[PDB]
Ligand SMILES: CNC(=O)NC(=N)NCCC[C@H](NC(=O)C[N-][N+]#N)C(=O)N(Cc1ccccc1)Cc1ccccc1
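Below you will find one chain, with nothing else, as structure tokens; this is the form deposited without the ligand, and questions on how it binds or moves follow later.
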């Protein structure tokens, strides 16, 4: 049917733009020329990252950027469209460094969306940047607007959408219209900031790209998979912050939607979006990491899973002990806590002491270094089989990943995703999704189809009785009930006919 989106970040820091070269990996590890025609054909979107919002409350490049070299880099990316008439070169505003609560530019995000006049100036600057540099759409990665800033954020997205639609008409771009996306939270704590207004946030978007990764990290006391598809009962659980969001729902409604504690998984984030009325599955994009998160000081017993650890959480990494054995990129980047898939393959292939293990519940791989007590959570072409099947079963919009430079040299992870979506001779009908824990929540937007006897006036219904009435299946919350379903508080709408 409709092609699944495959959205890959291209991240390049300012110093690499300013010294851009395609022939020295010690200066630019991943130049645009490494995105071969074959890789360009497997992508639908490249998110060029990151631009910012400046103190003038406009979308802007880092002011240290050499503009001529920035245009040259973007021009190399948009040249790739010659190989793929569906490909878009988006640009992303924000990211964690610029826009987190304590980030260097955070107040500019708050202020840019705060008033109608600020939103107009900001929205215009986004489309002006898009047109000036030749980008194909706008991606906003504010991590994350707080509950009080959400209305301004929503209005800013609405205003950008209108201006993008004007631009599509002006440029005759109906065959490849300018798009608007966001990187959205992939876990319930950050998601709770704007969850109650999710439908308004998603309405002006082509896609909401869920950051369904970093669900574990050195900031948690217990090692865990950072992007488990489904839950492992042996693993940690978390409070479900969504049950405290300002939804106006009843106790039964909140309880049915937000089991707590729950397993912090990719499936949980996807289902949490689908539960909200007005959030269509086709706009939800599943983020996946092309990197692993490494932990030290772990115990044995379960391959390093669910163990205490001694991994520093600070930025920058606080000393020069690059303890992730074999991770040469970690030495370059002065941080042993993140390793690209590219590097992880080499670490497993070399004489470095890792064993690749597989969790059949989470459907994700992990490395365990038994001698030194290291644990690495990552994703690979095998975990992507299950995530791709989930994307197709749940009718999601596609996949997003951070980032292109972390795929291996041959682009095997990107090629795998493209294969699972598009290869005629790939068959996952028999791929077993396992018995990992599913997120069981149901909300107004994902009522299951059900059948039940028609409601009968005058009948006294005990607690838990199910009836069909006026298009839906309803359940009594207590007994005995005689009211018509929907006329009072006694009936829970549990399914659709």
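Residue numbers count along the first chain shown, from 1.
Note on 397-405 vs 312-320: mean CA B-factor is higher in 312-320. If you average the C-alpha B-factors over 360-368 and over 419-427, the higher value belongs to 419-427. Highest C-alpha temperature factor among 121, 161, 243, 128 per the entry: 128. As recorded in the entry, 301 carries the highest CA temperature factor of 186, 95, 289, 301.
In the PDB entry, residue 293 places in the lowest third of its chain by CA B-factor. For residue 223, the recorded CA temperature factor ranks within the middle third of the chain's modelled residues.
When the modelled residues of the chain are ordered by C-alpha B-factor, residue 335 sits in the middle third.
Among the modelled residues of the chain, residue 43 sits in the middle third by CA temperature factor in this PDB entry. Sort the chain's modelled residues by C-alpha temperature factor and residue 262 lands in the lowest third, per the entry.
Omitted from view is the form solved in complex with the ligand, to which the following refers.
In the deposited complex, the ligand sits beyond 4.5 Å of every heavy atom of residue 277. Looking at residue 88, you'd find every heavy atom of it more than 4.5 angstroms from the ligand in the deposited complex. Contact check for residue 50: a non-hydrogen atom falls within 4.5 Å of the ligand in the deposited complex. Contact between residue 171 and the ligand in the deposited complex is not found at the 4.5 Å heavy atom cutoff. With the partner omitted from this view, the residue of 337, 342, 119, 387 that lies near the ligand in the deposited complex is 337 [heavy atom within 4.5 Å]. A heavy atom within 4.5 Å of the ligand in the deposited complex is found for one listed residue only; from 132, 360, 315, 244, this is 315. The partner is not drawn, yet in the deposited complex one stretch among 286-294, 419-427, 157-165, 198-206 has residues with heavy atoms inside 4.5 Å of the ligand: 286-294. The partner is not shown here, but in the deposited complex the stretch 111-150 reaches within 4.5 angstroms of the ligand through a heavy atom at 141, 143.
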